[PDB]
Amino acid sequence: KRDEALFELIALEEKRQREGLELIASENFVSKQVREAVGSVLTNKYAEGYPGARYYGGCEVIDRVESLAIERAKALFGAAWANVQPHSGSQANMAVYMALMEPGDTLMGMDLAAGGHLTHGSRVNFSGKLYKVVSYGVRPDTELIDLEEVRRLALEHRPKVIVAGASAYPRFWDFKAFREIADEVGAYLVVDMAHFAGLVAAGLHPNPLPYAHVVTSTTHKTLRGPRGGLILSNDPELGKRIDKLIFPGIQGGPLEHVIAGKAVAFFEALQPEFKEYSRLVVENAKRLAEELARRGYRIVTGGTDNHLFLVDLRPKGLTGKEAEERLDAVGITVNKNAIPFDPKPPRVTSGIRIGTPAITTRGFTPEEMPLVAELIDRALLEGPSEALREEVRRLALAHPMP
C-alpha cells in the first residue's frame, strides 16, 4: 500500500517551495540528478570502513562511487585529502575537534552573537560542553573582525584550536593572518567554510586550503549539493588521523546514497555554469542589500562580499522574531538572526539574515532585486495582507524550480 498521507504532504512542500521566496541564506534547491542519486539503491549497502578497506564484502562498486566523490572534492578545492562520509556539517566539525583535542582543551571560535555557528563554542552544544571556549567578535564601529583583538585573545588564552568561518559574517576572511596567529601560539587553524564553500569553488572567495590545517564544510548551502558533511586538508597525515575519528570514532555506516549525491554535486560545481551562477549569487546579494539600504534599512557592515547580509531592525521597532513572522505570513522566508552587540536575547533577536543562493538558482537576476526589496519593505511596514501574499506568489511562480 502506498502511504498517500505522507506523499500528500510532500506535494504540499513542493508547492510551498515553488510559491514563495526562500531567502534563508543556508538553503538552496538541489538538481533533479542530485535527488536521483540520493533516492538510489545505494542505501541498501553497509559500507563501514573506507574504499579498499571495508569491513564487509560486496563493496566493489560502492568503493568506486566513494572514491569518485573523494577525488572530485580534492580536484574541486585543490586538496590533498578529503573525507566525504560525515553525515552533516556538525559531525564534520565534531570529528575534527576530537582528532585534534582532548576534553578540557581550549577552543577559540567566533562568538555566536557576532556571527559564529553553534558548533564554534556554544555552551548548549558539544563544542562548549567538552571544551573550554574563548570567543572573538567584531568591532562595535565597523562590525568587522579585528585581527589584533584575535591575536591578543590567542596569546592570552593559548587555544589548541582556532576556528575561522561563521554562519552570519558577510565579509571576506583573511586566512593568511589567521594562520600566522595560530602559528604564534602553536595552535591548529580549522576553517569551517560551510557557508561560502560554493563561492570558494567558483573562485569568488579566498580559498582557505593553503592556510588552514583542516577545512570542514557542508555539501548543501552554496555548494548546492545534498545535505551532508565534508572534511578537507592539504596534509594527508593529519587526514589519516581524522579518517579514524569519522569511523570507528563517531559514526557507523556511511550514507552511500548521499555520498553518490555529493559526487554529482562536485561534478556540477566543476562545470563552467556553476561559476556563472555563483557570480549572480553575489551580485544579487549586493544589489538586494543596496535596495534595502535605499529604503532606510541598516545593513550590518554596510553591505556584503558574499551571498548573505544582515538587517538591523532596531531603528524600525521590530524584533527579528516579528520580522520573520510577518515575512513568513506573505511567503517570504528568512530567519531571525542576532546582530553584533544585540541587546535582545537569542530567542527574539534584533535582526534578520537574508541570502540569495536559493532564489538565484530559480533564475532571479539583479534587475529583479528592486522588486523583491519592495515586497519585503511592505511586509514589514504594512504587515501581512492577502494582496501582498498574491504578489509574492506571482513573482515566485514566474521562476521555475530545478
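What we label the rigid core is the largest C-alpha set whose atoms superpose within 1.5 Å from one form to the other. The numbering used is simple: start at 1 and walk along the sequence shown.
- Across the superposed structures in 5 other deposited structures of this protein, aligned by the core, the stretch whose Cα atoms lie more distant on average is 308-316, chosen from 308-316 and 252-260.
- Where the structures in 5 other deposited structures of this protein are fitted on the rigid core, 318-326 is the one of 156-164 and 318-326 whose C-alphas sit farther from the shown form on average.
- Set 23-31 against 55-63 and average the Cα temperature factors; 55-63 ends up higher.
- Stretches 65-73 and 331-339 differ in mean CA B factor, with 331-339 having the higher one.
- For the set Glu36, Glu48, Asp377, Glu367, the PDB entry assigns the largest Cα B-factor to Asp377.
- The top Cα temperature factor in the record, among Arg279, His157, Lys286, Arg151, falls on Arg151.
- The entry lists a Cα temperature factor for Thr319 that places it in the highest third of the chain's modelled residues.
- Sort the modelled residues of the chain by CA B factor and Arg179 lands in the middle third.
- Sorting the modelled residues of the chain by their CA temperature factor places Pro272 in the highest third.
- When the modelled residues of the chain are ordered by their C-alpha B factor, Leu292 lands in the middle third.
- Among the modelled residues of the chain, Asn83 sits in the lowest third by CA temperature factor in this PDB entry.
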